[PDB]
Structures are given as structure tokens and as C-alpha cells.
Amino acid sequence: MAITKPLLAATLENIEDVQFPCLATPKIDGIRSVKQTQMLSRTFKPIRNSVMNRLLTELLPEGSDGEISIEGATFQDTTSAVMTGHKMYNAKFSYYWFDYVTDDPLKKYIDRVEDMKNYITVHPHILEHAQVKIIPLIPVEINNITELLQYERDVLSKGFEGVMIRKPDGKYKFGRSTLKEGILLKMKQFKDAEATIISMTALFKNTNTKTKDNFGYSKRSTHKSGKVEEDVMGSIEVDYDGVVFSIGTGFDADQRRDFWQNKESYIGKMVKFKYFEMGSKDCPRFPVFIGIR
């Protein structure tokens, strides 16, 4: 009845791929954490910050899925309030409870929510803790593109990362949902822009010893020792109207080949790219290359 691996959403690109009716909720820009005896991270590791871990373990019932987030604080702030091994943590913090696996991970989302709602009725005190504020994310029923778009405007105005779209009957898949499956979709609005290439960096093959991880997936260390330099581009430093940062994703095999092949004659060129504004500290967040010119 436990959760093998956390549920992961798929990136929604075409608003047309959304199936209706569907239930939606706001996507928090916090840190994922599921309750399995104790509080675990997206990679099922224990939440470093013991105060939180311990606290949440007392309030949250076994099998709670949600995100830890410091209200008002920046992402980098919340990151620290969770990734640090605090002995004593006095500051306040919230936990957005959005899923609940009591027994069968095949129970329709709506029902899993119901199970979450019920638990609350029985333990109202959880939503009243003096420090930890537990926030139940009860989905909203969306019937068509129009309503959805309306919802996006709402959550966004309220300062959320985006919106999570789920299938009413959807199950708690132990893995990343697919577009077609439509179990859990992530809807984020990136922004277009352009920057000027100023330099390039070689691709690096991580030849570190291959092992297994908490879920049994290929895991390799990141020691520079086992980093062999490939003869192709890996990332490109660019100047976005003043600000400088790198872009290394969004390129295909042949592109990385060309870009590196003409590293010298490529400098100075203008390239398009998309990025997310929210969360950006000193440079664009999730920078993704799109094309040249």
C-alpha cells in the first residue's frame, strides 16, 4: 500500500491536448515531499531539516503527497529551509497537501481527494498548527479551454508557478505520467527572448561508475575525474541584454556537432530561447535553446 515512487507530471505544450472534463490545482514552487513513515524527498531521500520532517510526520497521515514551501520567501530561501540539517527551526512554513494514498494506488484522484478531505474532518487540528500550515489543494472542475485559461489567470495572479491538470479518474501512477495518459500535467508559461553567443563549452561524458538508486535507476557520480571531454558543444554562454548565463539544453545531436564545429564563426550570433521568469535569482530559470537568428 506504500508508494514505490512519487507521481510525476508531464509538460503540457499544446492547450489542445487537454482532455475535459478535468480537475486542476495550483502548482507550488516549493519542494516535493511524500510521507512514508517519515518525510521523504522527490528522490525518496529523507528531508534533511529534521524539525520539518519530524513535525510533518506528526501531522500528516502515512501516504501524504505534497510540497514544502516558505510563504512569501524566495525559492532559494525555501531551498535552504529544507535542504539544511537544522537542529532547531523556529521559522514558519507551509505544506501543500495535494494527494493521499491510503491503500490502493488505483483509486480515482477524486476519491483520493475525498479521502484527504475526510481525514481533515476527523483531524481539524492539523490545519491549525501554530508553525506548520497545512494547505489542502482540493481540485477545481474545468470543463473547457476557456475555463482552464481563466483558472490559469487566477492562480497566476495569486502568485503560483502554474497549474496542475489531472484526470478525474486518474490513478496514482508510480512514475511520470504521459501526455496521452493525462493523469497529471504541468502547465507553465515560458517567455521568449534572444541573447548573443559569446563563447562555448565542450560536452562531457560522465564515465563515473554506474550504479543503482533508491528506485533502481541508473545512477552515476559527478566527480570531474570520470568526466571525459567530448568533441562537441555542451553549452553556450550568452549575453541577454546585459545579463550573462549558459544554455545547454534544447540542442540535438547534429546541432551540438555543428555549433562546436564552428565554435569560432558562431560567436556574436543571436539565438532565440525560452525561460521561466519566476524563481530567477540573477539569470533566467530553466533556459532552453530554441533556434538561431
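Note that residue numbering follows the sequence shown and begins at 1.
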Report task. Tell me which of 100 to 108 and 156 to 164 has the higher mean C-alpha B-factor in the deposited entry. Result -> 100 to 108
Query raised in the report: Hey, which bit's got the bigger mean C-alpha B factor in the entry, 23 to 31 or 251 to 259?
Result: 251 to 259
Query raised in the report: Between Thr78, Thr178, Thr211, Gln150, which carries the biggest CA temperature factor in the record?
Result: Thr211
Query - Where the record places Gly72 (Cα B-factor, split into thirds across the chain) - result: middle
Requested in this report: Taking the chain's C-alpha temperature factors as the reference, tell me which third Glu264 falls into: lowest, middle or highest.
Outcome: highest
Report task. Give the position of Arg285 by CA B-factor within its chain, expressed as the lowest, middle or highest third. Result -> lowest
Query raised in the report: By the record's CA B-factor, is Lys224 among the lowest, middle or highest third of residues in the chain?
Result: highest
Report task. Place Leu12 in the lowest, middle or highest third of its chain's C-alpha B-factors, as listed in the PDB entry. Result -> middle
